[PDB]
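Take a look at the structure set out below.
Letters A, B, ... are given to chains in the order of the sequence lines, protein chains preceding strands, and every chain is numbered from 1. The analysis underlying the following values was restricted to heavy atoms, covering all of them including side chains, and did not include hydrogens, waters or symmetry mates.
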There are 2 protein chains.
Amino acid sequence: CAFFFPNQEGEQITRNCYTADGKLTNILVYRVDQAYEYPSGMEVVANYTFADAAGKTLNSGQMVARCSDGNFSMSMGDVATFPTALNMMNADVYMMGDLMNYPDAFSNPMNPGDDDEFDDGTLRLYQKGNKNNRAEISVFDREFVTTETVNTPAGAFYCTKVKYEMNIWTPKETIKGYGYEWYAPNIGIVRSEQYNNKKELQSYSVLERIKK
Amino acid sequence: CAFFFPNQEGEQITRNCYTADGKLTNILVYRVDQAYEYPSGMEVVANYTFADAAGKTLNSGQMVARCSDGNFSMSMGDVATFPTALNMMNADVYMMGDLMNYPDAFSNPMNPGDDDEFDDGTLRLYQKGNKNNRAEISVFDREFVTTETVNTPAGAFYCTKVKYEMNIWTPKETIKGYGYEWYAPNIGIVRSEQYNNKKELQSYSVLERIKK
Ligand SMILES: [Ca+2]
Ligand SMILES: [Ca+2]
Ligand SMILES: [Ca+2]
Ligand SMILES: [Ca+2]
């Protein structure tokens, strides 16, 4: 039963967000606030902060990572690293999504293309006091690609690679596309990449720092 | 696409909680804070307050009810009306659960015993600053029983009746049992009842007031 998120109290993970041209747009910081033990597995409550490239905080809140029975799931905070999301955030923006599951390829092996073990999820963001500033990010058809080492500024991590489709709606536009993400035990998302339906890179994020 | 929760801004629903002997233990109050429209359906953010029989607030927070595509789901706040939950709550207690789905029997008819349309869910509660005060409520094997009118102090509502099993764990004890709930469009839970595995009534709740 692997836990795909940091789980030591006080531990802090930083992930950087980039434009397709490699420019830094945002910095996401998670800090483990509390880890609780349950017979069926663990519960981790973490604080998140989303800031811009100059370190100004755009949004902060709490999220949860958990193991129940054999199964790990967590809040969809990470899909908020999509540019549409990052660009509409401020202190009055809130978000709600499903807890999304992350299968353990490393113990339960999967063939490339396996998808029935991955659940779909929808994240909605909205500004309190300004309803027009809202968004919906739907992630679906997630499937296994491979397991492989990914090299990042925080180090080299053996990861599970997943491919997914997504729909992003705001009152001003619909964007359709696809993405990849790579995740690892005790870290969560190590790397992600977003594309439009023409296969043109829109953005990406990479694990930048682990502070235990 | 029925929405099983109040959805007019400002609307307020009160549900009363009782011991098996009919004594009032707690009062739960939901107030619709904001309703947001998305192409795929609606998002409702509501504030909840849990109080004791004398009106002293035990816990408050926010929760979400939503329609996405054809499917309604919501936070598991209502399973917090179990006595173990009610009795451990204070201002420093927080809770996290899955968004749990509520099928629309009224449009998509179900035969008694149908269960594959209902998802399982786990709610965990914990006190910040006092880890020993925590709990887990697992709800599973939910299935359709019937549709029928239920008479309450707020009125008579045509409801879907569901049966479920549950496991309740705290560091001091495990309780195993089963329950029934009745839900209706634009209200949510109209009535619920909890039993232990000997079929002895442990508690119940009934819709008390709708203020639009
Ligand atoms: Ca497949
Ligand atoms: Ca498939
Ligand atoms: Ca059945
Ligand atoms: Ca079945």
Side-chain angles (χ1 to χ4, degrees), chain A residues 9 33-47 61-69 71-76 92-101 119-140 167-171 173-174, chain B residues 9 33-47 61-69 71-76 92-101 119-140 167-171 173-174:
Chain A
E9 288 186 353
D33 198 65
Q34 281 299 316
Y36 302 93
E37 285 149 14
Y38 288 89
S40 64
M42 173 158 60
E43 188 94 336
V44 164
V45 170
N47 299 135
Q62 293 199 130
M63 45 104 82
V64 175
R66 69 163 54 159
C67 222
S68 176
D69 286 340
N71 316 326
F72 177 88
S73 63
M74 69 179 160
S75 301
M76 292 174 70
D92 292 358
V93 163
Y94 294 94
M95 54 187 94
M96 301 272 69
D98 299 279
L99 295 177
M100 187 157 78
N101 73 308
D119 297 331
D120 297 345
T122 302
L123 180 67
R124 288 168 170 178
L125 307 88
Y126 22 88
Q127 186 175 341
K128 194 197 175 203
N130 177 20
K131 293 163 75 103
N132 286 345
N133 181 26
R134 64 188 190 285
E136 179 180 276
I137 305 166
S138 198
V139 178
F140 57 95
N167 291 351
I168 303 155
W169 178 89
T170 70
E173 51 171 6
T174 297
Chain B
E9 288 186 353
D33 198 65
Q34 281 299 316
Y36 302 93
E37 285 149 14
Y38 288 89
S40 64
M42 173 158 60
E43 188 94 336
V44 164
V45 170
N47 299 135
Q62 293 199 130
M63 45 104 82
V64 175
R66 69 163 54 159
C67 222
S68 176
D69 286 340
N71 316 326
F72 177 88
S73 63
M74 69 179 160
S75 301
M76 292 174 70
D92 292 358
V93 163
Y94 294 94
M95 54 187 94
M96 301 272 69
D98 299 279
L99 295 177
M100 187 157 78
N101 73 308
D119 297 331
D120 297 345
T122 302
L123 180 67
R124 288 168 170 178
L125 307 88
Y126 22 88
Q127 186 175 341
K128 194 197 175 203
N130 177 20
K131 293 163 75 103
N132 286 345
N133 181 26
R134 64 188 190 285
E136 179 180 276
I137 305 166
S138 198
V139 178
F140 57 95
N167 291 351
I168 303 155
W169 178 89
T170 70
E173 51 171 6
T174 297

Would you mind reporting whether A:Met96 and B:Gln62 have side-chain heavy atoms less than 4.5 Å apart? no

Can you tell if the side chain of B:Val45 reaches within under 4.5 Å of the side chain of A:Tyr126, non-hydrogen atoms only? yes

Interatomic spacing from OH in A:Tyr38 to OG1 in B:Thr170 - rounded to 0.5 Å: 10.0 Å

What are the two closest non-hydrogen atoms of B:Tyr36 and A:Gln127, and how far apart are they? OH-O, 4.2 Å

Sorted by chain and number, sequence neighbours left out, salt bridge (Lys or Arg N to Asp or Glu O under 4.0 Å) with B:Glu9 holds for A:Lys131

Contact class of A:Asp33 relative to chain B, heavy atoms under 4.5 angstrom: side chain

Note: vs chain A, highest number of non-hydrogen pairs under 4.5 angstrom among B:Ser73, B:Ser75, B:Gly97 is B:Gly97

Roughly how far, to the nearest 0.5 Å, is CG of B:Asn167 from OG of A:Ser40? 9.5 Å

Salt bridge (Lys or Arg N to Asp or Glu O under 4.0 Å) partners of A:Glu136, counting only residues at least two apart: A:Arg124

Which heavy atom of A:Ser68 sits nearest to which heavy atom of B:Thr122, and what is that distance? OG-OG1, 4.1 Å

Relative to chain A, which segment of B:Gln34 carries a heavy atom at a distance below 4.5 Å: side chain, backbone, both, or neither? side chain

